[PDB]
């Protein structure tokens, strides 16, 4: 069985004082065993050392991004080998905000995923379609193209988690149903089965990166092809604990 996976993407948020409160809340949290849920928290770069040094050893830390290749003359960028040096085990790559606002191409994201895996990082690789793309009938064309750019550059999937972001439901007034999440997760897993292998499809976590809260986490988590969540805003809040508890039997 695929181990339920809950990632918390803090995005471009936080102060030393708020990070200390968030970490203190996660440290005091009582959640399902390490055998039933894998928990990853992703602060901004400048708080990665603070979080890694103070967070409970059974929760894991992710960067929100890293550079496409070896460090050097890339002012403003953080290399995968910097994260490895700081004992940061995870990285989020290809988040919808970087694809849309920072114009990260599917090929750029694929190159990042390959380089991060080569340096020993574990990767949350993000995909997802816009409202225009979904309304054009392009959902699986887009998600397959984005996934293919990663798959063409990846030889080992052990350290990959795919996050599906329904960008079409994020800020548009459109709401994704658990059935709509399940449909994309199922079609994406079928795509992995045909284009990579049956093994990789059966063992790769595909997590839901739409609007996740205490109200919807159990119904979403119970979907056959949803293996967990990449949580946004709720990741800064005690409610993140309730979302981790979606793993419980």
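Residue numbers count along the first chain shown, from 1.
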Q. For the stretches 134-142 and 171-179, which has the higher mean C-alpha B-factor as given in the deposited record?
A. 171-179
Q. Comparing 187-195 with 212-220, which has the greater mean CA B-factor as deposited?
A. 212-220
Q: Using the temperature factors in the entry, find which of 121, 78, 125, 102 has the highest value at its Cα atom.
A: 102
Q: Have a look at 155, 147, 96, 159 and flag the one whose Cα has the highest B-factor in the entry.
A: 155
Q.
Ranking every modelled residue in this chain by its Cα temperature factor as given in the entry, which third contains residue 36?
A. highest
Q. Should residue 14 be placed in the lowest, middle or highest third of its chain by the C-alpha B factor in the entry?
A. middle
Q. Going by the entry, which third of its chain does the Cα temperature factor of residue 1 land in?
A. highest
Q | Record-listed C-alpha B factor of residue 230: chain third | A | lowest
Q: Report the third (lowest, middle or highest) to which the CA temperature factor of residue 56 belongs, ranking only the modelled residues of the same chain.
A: middle
